[PDB]
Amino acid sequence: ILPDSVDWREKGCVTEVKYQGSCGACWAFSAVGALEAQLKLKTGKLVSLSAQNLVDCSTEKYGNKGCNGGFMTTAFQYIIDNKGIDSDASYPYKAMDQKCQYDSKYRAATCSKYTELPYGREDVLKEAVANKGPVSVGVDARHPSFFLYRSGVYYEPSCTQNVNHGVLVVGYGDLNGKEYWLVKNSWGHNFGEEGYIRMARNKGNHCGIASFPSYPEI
């Protein structure tokens, strides 16, 4: 039995919404967001982790292209291989590709492994969000409606399961009979509901939200 609604922000496991700017680092923000929650659950401290560290260091060897895109899963593996990721405070976000400047003296978190959920299973995603924590996911954000979203439960008739934008599911619930996934984006506070978007849930893997979900563990 799972709770009807979940919001990890109530549990103090979600940091301030970030602004990626003109740099395509959504994948990096998605990954650090997921790990930030695990760090809070393990140490009791909520700390924004360095998305820049991922953009600059989890590069070619991880199939990523910095400001031109990347994978949340390979980002997690980089953190594992590297034995750490720096804090955002020590390695600030500059919205541009830079030479890797990771330094263990600024390490704020570690990762031991990550898990990728089965393709398109929203019930499994619900279970992970309820029992494990925020989950990194990709969504189809190639439609105007996504950019113009302001409030309520987002539903786009033209959405597909071909995902291109990395975000973070930090909860789920329902608005007047309409089920949704609570998603943290990285487009600043002017986007949607002050940085968040509630996307249609249990509507046939709408916009591919449950297509490629993953979460790290410490």
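Note that residue numbering begins at 1 and tracks the sequence as displayed.
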query	finding
Of 96-104 and 78-86, the one with larger mean CA B-factor	96-104
Stretch exceeding the other in mean C-alpha B-factor - 40-48, 25-33	40-48
Among 144, 138, 120, 133 - the residue whose C-alpha B-factor is largest in the record	144
Residue selected from 59, 185, 190, 53 by maximal Cα B factor	190
Cα B factor band for residue 198 (lowest, middle or highest third within the chain)	middle
Residue 70 - Cα temperature factor, lowest/middle/highest third of chain	lowest
Chain-relative CA temperature factor third for residue 172	lowest
Lowest, middle or highest third - CA B-factor, residue 63	middle
Where the record places residue 128 (Cα B-factor, split into thirds across the chain)	middle
